[PDB]
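Next up is one chain by itself, shown in structure tokens, the form deposited in one PDB entry.
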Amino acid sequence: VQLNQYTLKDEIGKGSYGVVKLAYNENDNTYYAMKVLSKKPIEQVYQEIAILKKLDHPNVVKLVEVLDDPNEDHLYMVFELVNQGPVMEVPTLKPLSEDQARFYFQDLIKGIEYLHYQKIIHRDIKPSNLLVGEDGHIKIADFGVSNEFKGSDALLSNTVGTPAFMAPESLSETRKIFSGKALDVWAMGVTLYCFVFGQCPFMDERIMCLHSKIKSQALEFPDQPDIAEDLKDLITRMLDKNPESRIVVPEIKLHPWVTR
């Protein structure tokens, strides 16, 4: 299976809409990550390509090129390979230590700050989208449902992303408008909870009940593992159900748990 200079190898991950395969470039003798898409909507993908083309940051995955044939049903996005894969799998019985969670969370902060400055809402922040590169640092991946905005913030109404990480204000049943940056903060909070507990803070196999818990269940910390009180404070502020009082990224950067 060869596509121009690339030989397609085995699957390595899930992308938004498609699959991600390891790929070998015969021109430069180098492995890449290739997202394969079958046209089944397509406007969302070219916005993703358009977003990826504008981005250049150490904590954000790089799009290398796009293989688009108006003849073939398949479309190929070639990314840099982030060789060590996701930072963790959720759920797990072996979560990160606090020191590891802080190390990775610092990369997540820098990446999100950059995305928001570039006027991008990621909308699908979660551990499986935080890939560990050759030097051990995080690269944010999967911009399949991301939004670009003008001005100070996005004003959104559509519900997209991974359900366990969706912010409560995005789950109104009345097409209400909500702002974008606070959505990424909420998902960063679910992610940090995942880092140290190995499972999501709101869980239910019934999607109605999952939504109801995100919107209405008080955050609860498990007795074990016993995490520091300032980390509990930071998670609590990021998982504030009210997006208006939810901690903002400039404050996360200063939080005493982050800076120690």
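In this text, the rigid core denotes the largest set of C-alpha atoms whose superposition between the two forms falls within 1.5 Å. Counting begins at 1, following the sequence as shown.
Asker: Do any residues of the deposited sequence lie unmodelled between residue 40 and residue 41, and which range holds their number: none, 1 to 3, 4 to 9, or 10 or more?
Answerer: Gap between residue 40 and residue 41: 10 or more unmodelled residues.
Asker: If you average the Cα B factors in the entry, which is higher, 192-200 or 47-55?
Answerer: Stretch with the higher mean C-alpha B-factor: 47-55.
Asker: Can you tell me which stretch has the higher mean Cα B-factor, 64-72 or 214-222?
Answerer: It is 64-72.
Asker: Whose CA atom has the top B-factor in the entry, of 116, 102, 137, 175?
Answerer: 175 has the highest C-alpha B-factor of those listed.
Asker: Choose from 169, 89, 107, 142 the residue with the greatest Cα B-factor as stated in the PDB record.
Answerer: 89 has the highest C-alpha B-factor of those listed.
Asker: Ordered by C-alpha B-factor within the chain, which third holds residue 235? Give me lowest, middle or highest, please.
Answerer: Lowest third.
Asker: Where does the C-alpha B-factor of residue 85 rank in its chain, lowest, middle or highest third?
Answerer: Middle third by C-alpha B-factor.
Asker: Place residue 156 in the lowest, middle or highest third of its chain's C-alpha B-factors, as listed in the PDB entry.
Answerer: Tercile = middle for this residue's CA B-factor.
Asker: Sorting by Cα B-factor within the chain, modelled residues only, which third would residue 244 end up in: lowest, middle or highest?
Answerer: Tercile = middle for this residue's CA B-factor.
Asker: Is residue 96 in the lowest, middle or highest third of its chain when residues are ranked by C-alpha B-factor?
Answerer: Tercile = middle for this residue's CA B-factor.
The form deposited in another entry exists for this protein as well; it is not shown, and the discussion that follows is about that form.
Asker: Which residue of 83, 100, 92, 118 is the mover here, meaning its C-alpha shifts by 2 Å or more between the shown form and the other one once both are aligned on the rigid core?
Answerer: Single hit from the list, 83.
Asker: Any chance the CA of residue 221 moves 2 angstroms or more between the shown form and the other one, core superposed?
Answerer: Stays below the 2 Å threshold, so no.
Asker: Align on the rigid core first; then say whether the Cα of residue 241 has moved by at least 2 Å between the shown form and the other one.
Answerer: Where the cores coincide, residue 241 shows only a C-alpha shift between the shown form and the other one that is less than 2 Å.
Asker: Could you tell me whether the Cα atom of residue 199 shifts by at least 2 Å between the shown form and the other one after core superposition?
Answerer: Where the cores coincide, residue 199 shows only a C-alpha shift between the shown form and the other one that is less than 2 Å.
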